[PDB]
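>
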RNA sequence: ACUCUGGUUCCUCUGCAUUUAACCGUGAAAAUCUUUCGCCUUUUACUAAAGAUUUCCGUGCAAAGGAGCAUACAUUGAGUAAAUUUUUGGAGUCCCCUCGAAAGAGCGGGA
Ligand SMILES: [Mg+2]
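In UniProt numbering, the protein residues as written are 632 to 680.
(1) Secondary structure at residue 664, three-state DSSP: helix, strand or coil?
(2) Rounded to whole angstroms, how far is the Cβ of residue 660 from the Cβ of residue 672, which I believe are closer than 8 angstroms?
(3) Could you tell me whether any non-hydrogen atom of ligand 1 is closer than 7 angstroms to the CB of residue 667?
(4) Let me know the secondary structure DSSP gives residue 654 once reduced to three states.
(5) Between which two residues does the alpha helix (DSSP H) containing residue 673 stretch?
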């Protein structure tokens with residue numbers, strides 16, 4: 632178990648630490664389109680076209 | 001006669017471990033993506049199968065450098081040490097006829 636959880640927590644605790652020290656840069660990351668958000672996204676791209 | 005090198009043990013770097021039936025691992029994790037099943041008023045954390053990739057705990061060999069211990073020159077690639085029938089301890093010598101200036105050559109002949 633620990634063999635495989637070691638790199639997973641190394642990444643996760645890295646991400647935890649990095650936003651704890653660097654702050655969270657994530658403003659303007661591309662939000663993806665998902666179940667509820669499809670129908671509003673169709674209306675965006677329709678009205679834009 | 002030439003150049004070629006001290007044993008061991010350990011550290012670390014570098015390179016290679018794909019023609020896999022199968023196996024660097026007689027052991028066995030986690031993730032991502034794509035798809036298909038089951039949970040479910042959502043997502044996460046999930047179910048349990050396929051396919052494709054990753055990370056992680058490890059493996060082998062070669063080669064180079066260093067560090068500790070006790071100590072030995074040989075030895076690798078290139079290359080050393082029989083008088084009794086079948087070989088290396090003598091069936092060897094000599095003399096006529098032939099062709100040819102020349103010196104050999106005939107299962108030639110003779111002692
Ligand atoms: Mg919502």
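Ideal Cβ placement from N, Cα and C applies to all residues, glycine included.
Working from what's here:
(1) Here residue 664 corresponds to residue number 33 of the first chain, with the count starting at 1. In the three-state reduction of the DSSP assignment, residue 664 falls in the coil class, being assigned neither a helical nor a strand state.
(2) Within the first chain, the letter at position 29 stands for residue 660. Within the first chain, the letter at position 41 stands for residue 672. With a Cβ gap of about 16 angstroms, residue 660 and residue 672 do not count as contacting.
(3) Looking up residue 667 in the first chain gives position 36. Set against 7 angstroms, the gap from the CB of residue 667 to the closest heavy atom of ligand 1 is smaller.
(4) The sequence position of residue 654 within the first chain is 23, counting from 1. For residue 654, the secondary structure class from DSSP, reduced to helix, strand or coil, is coil.
(5) Here the question's residue 673 lines up with position 42 in the first chain. Per DSSP, residue 673 belongs to the alpha helix (DSSP H) from 669-679.
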